[PDB]
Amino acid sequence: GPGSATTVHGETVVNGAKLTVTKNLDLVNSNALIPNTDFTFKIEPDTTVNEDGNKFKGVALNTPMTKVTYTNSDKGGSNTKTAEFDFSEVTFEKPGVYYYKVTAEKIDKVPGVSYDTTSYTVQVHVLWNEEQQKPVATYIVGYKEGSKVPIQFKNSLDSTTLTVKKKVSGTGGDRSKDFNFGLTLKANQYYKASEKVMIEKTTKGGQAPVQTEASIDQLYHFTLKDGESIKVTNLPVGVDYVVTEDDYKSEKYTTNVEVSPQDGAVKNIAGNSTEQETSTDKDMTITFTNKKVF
């Protein structure tokens, strides 16, 4: 090598017969639970090519779809996954540039997920290979919008909140009484039993909110006085739940439930329980009003 430096002869072989797809999941809430789901990507011949002896419509792959997989256990990680398209068995009859389009499938839509609509044009450069004496898929380039870039897709995972509030009314109502509550979140295919969600309890006064966790499929016990609340801060979208207060009729309280999703139909319920609610992308506020009079 020259002076201090050393001369290296090898070079890394980038497989010109495989294309890497990178999938990222952007989180609206950094503490979001990660759903058990696949994301699927498709490659097809680009139909819009002006064919000469230079540019060609892509030759269809034996396996045009590839996928990545997410699970609950990915929570806390990079949430970056990769998959490959395999061109190694594709027969290219002559040298040339073979055109494909790569898209992200959106058929079995995962609740709370906004899908990347990006479409990539993919050029497979098939060159005559001197040593092998045949046309060989030698390098692959992809582009969206006039920058040559890696094939990357970024879906967004949204999630929501549930706030439960206690209000005491009536001249006989005890503003210092603790009312008992239970919250049960139900498992589904996307979020399994025993997964944890974060809960913050707010009390009147100087104390900062108190953090606890609830387990999916396990009754969560809590108490609230007038003017206090809990908030499930990372409730996933698509999760069923029930909130119930203990019965206080023998203590001369009447209980009514207000169910109020942010942009939705506010619901009023005589009694001490919500019906089974299903979480949406809208923040939910549920107020228990307990009233006592003379």
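Quick note: we count residues from 1 along the sequence shown, nothing fancier.
Novice: Of 209-217 and 104-112, which one has the bigger average CA B-factor?
Specialist: According to the entry, 104-112 carries the higher average C-alpha B-factor.
Novice: Going by the mean C-alpha B-factor recorded in the entry, which is higher: 140-148 or 183-191?
Specialist: Taking the mean B-factor of the alpha carbons in each, 140-148 is higher.
Novice: Out of 235, 59, 243, 266, whose C-alpha atom has the biggest B factor in the entry?
Specialist: In this record, 266 carries the highest C-alpha B-factor of the candidates.
Novice: Could you tell me which one of 168, 97, 90, 199 shows the highest CA temperature factor in the PDB record?
Specialist: Across 168, 97, 90, 199, the entry lists the biggest C-alpha B-factor for 90.
Novice: Ordered by C-alpha B-factor within the chain, which third holds residue 80? Give me lowest, middle or highest, please.
Specialist: For residue 80, the deposited C-alpha B-factor lands in the highest third.
Novice: Split into thirds by Cα B-factor across the chain's modelled residues, where does residue 227 land: lowest, middle or highest?
Specialist: As the PDB entry reports it, the C-alpha B-factor of residue 227 lands in the lowest third of its chain.
Novice: Relative to the other modelled residues of the same chain, rank the CA B-factor of residue 66 and answer lowest, middle or highest third.
Specialist: Residue 66: CA B-factor falls in the middle third of its chain.
Novice: Going by what the PDB entry lists, where does residue 286 fall on CA B-factor within its chain: lowest, middle or highest third?
Specialist: As the PDB entry reports it, the C-alpha B-factor of residue 286 lands in the lowest third of its chain.
Novice: Would you check the entry's CA temperature factor for residue 49 and let me know if it's in the chain's lowest, middle or highest third?
Specialist: Highest third - that is where residue 49 ends up once the chain's C-alpha B-factors are sorted.
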